[PDB]
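Starting off, we have a lone chain in the form deposited in one PDB entry, written out as C-alpha cells.
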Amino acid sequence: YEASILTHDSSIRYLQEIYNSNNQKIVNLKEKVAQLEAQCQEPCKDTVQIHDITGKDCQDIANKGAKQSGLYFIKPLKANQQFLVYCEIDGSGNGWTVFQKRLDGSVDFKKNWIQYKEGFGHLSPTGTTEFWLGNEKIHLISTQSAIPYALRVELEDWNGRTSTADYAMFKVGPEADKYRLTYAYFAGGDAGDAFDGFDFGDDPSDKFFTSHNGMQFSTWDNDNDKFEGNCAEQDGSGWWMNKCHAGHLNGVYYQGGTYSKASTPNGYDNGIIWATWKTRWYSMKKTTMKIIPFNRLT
C-alpha cells in the first residue's frame, strides 16, 4: 500500500533505537569473547607426570622420602645424562629400579643391538607398559663404585599364581664386554634358579649350555653366544644367550601360556620361559626384572 509520510519519523527513530541496541550488544559480546579467550590458553592436562625428587637410583630416591611408585629421573654416579625410570616403592622404603617388563605383548621385543643398548618400550606411572630400560643404563645402575646390587625376577602364569627368584651381587658389564651378566649366587625363590641352567633331558650337557651367569648379551645383529648358530636370531629376542637358554624373559609373547613346536618357524622354543618354574612350552603372562642395592634385601 505504501506507508504514510508522517509515519516516516516514528519509523526512522525506531531503526536508530535498534541499531544502537545492536551496537551495545556487539560491544558486550566482544567483551565476552575476550573473557572466553583467557579460558582457552592452557593445554590439555597430561595425566602422566614425572616426580620431582631425583637421585642415584630408586633406592636413593626412596631414601629421600619418596613414597609412591612412578616415573623418576635417576642419574648414577658414572653417567653423563640423567634418564627416566619406573621406580617401585613399597611400604618398607624399598625402591626397586625396574629394567624389564612384560604383560600384554604390546611391545615387540625383537630388537637390534643398539635398540637393546639404548632401550625401547614406554614407561608409565601406573607401571602398566612393556619395556626394556636399555643395557647401557642397566650397566650404570648396577656398577656404581662399591655398591653390591640385587636382581629380583617376578613371574606370573595365566592362572593367577606368581613366583619370584633373587640373585645377589647382580651386575651388567660395559659395552666393551658385550653387557655381560654376572652374579655371586642365587638368593632363593619359588621360581627356581634358571640362571644355573636346567637339565632339559635332551643331552647331559644341557645344564651348562643353558646357564646364564657369565653370558654376554646377544641380538640377531650381534651374535655373542656359545652356539655356532644364532640364538637371538632364531629365538627372536635379545638376551644373555648360551646355547641357548633356560630362562628367556625377553621372548616372544604367546597368548595363553601353552604353545607348541609348530607355533614357531625355526622349530625351537622362543617364548617367555623360565625352565625351573614351568615347561619350556609355557610362556608367562607377566614378567618383571627389577634391581635394588643388596643391603636392602634384608
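Only the largest set of C-alpha atoms that superpose within 1.5 Å between the two forms is called the rigid core. Note that residue numbering begins at 1 and tracks the sequence as displayed.
Between 159-167 and 108-116, the higher mean Cα B-factor belongs to 159-167. The mean C-alpha temperature factor is higher for 11-19 when 11-19 and 281-289 are set side by side.
As recorded in the entry, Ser205 carries the highest CA temperature factor of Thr129, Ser205, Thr97, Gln100. Among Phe73, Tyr179, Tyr185, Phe200, the highest C-alpha B-factor recorded in the PDB entry belongs to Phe200. When all modelled residues of the chain are sorted by CA temperature factor, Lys45 is found within the lowest third. Sorting the modelled residues of the chain by their CA temperature factor places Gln39 in the lowest third. Among the modelled residues of the chain, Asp223 sits in the middle third by CA temperature factor in this PDB entry. In this PDB entry, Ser142 carries a Cα temperature factor that places it within the lowest third of its chain's modelled residues. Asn135: CA B factor lies in the lowest third for its chain, per the PDB record.
The following text describes the form deposited in another entry, which does not appear among the structures shown.
Put the two forms on the same core and the Cα of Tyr19 is off by 2 Å or more between the shown form and the other one. With the core held fixed between the shown form and the other one, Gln39 has its Cα displaced by at least 2 Å. Relative to the superposed rigid core, the position of the CA of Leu29 differs between the shown form and the other one by 2 Å or more.
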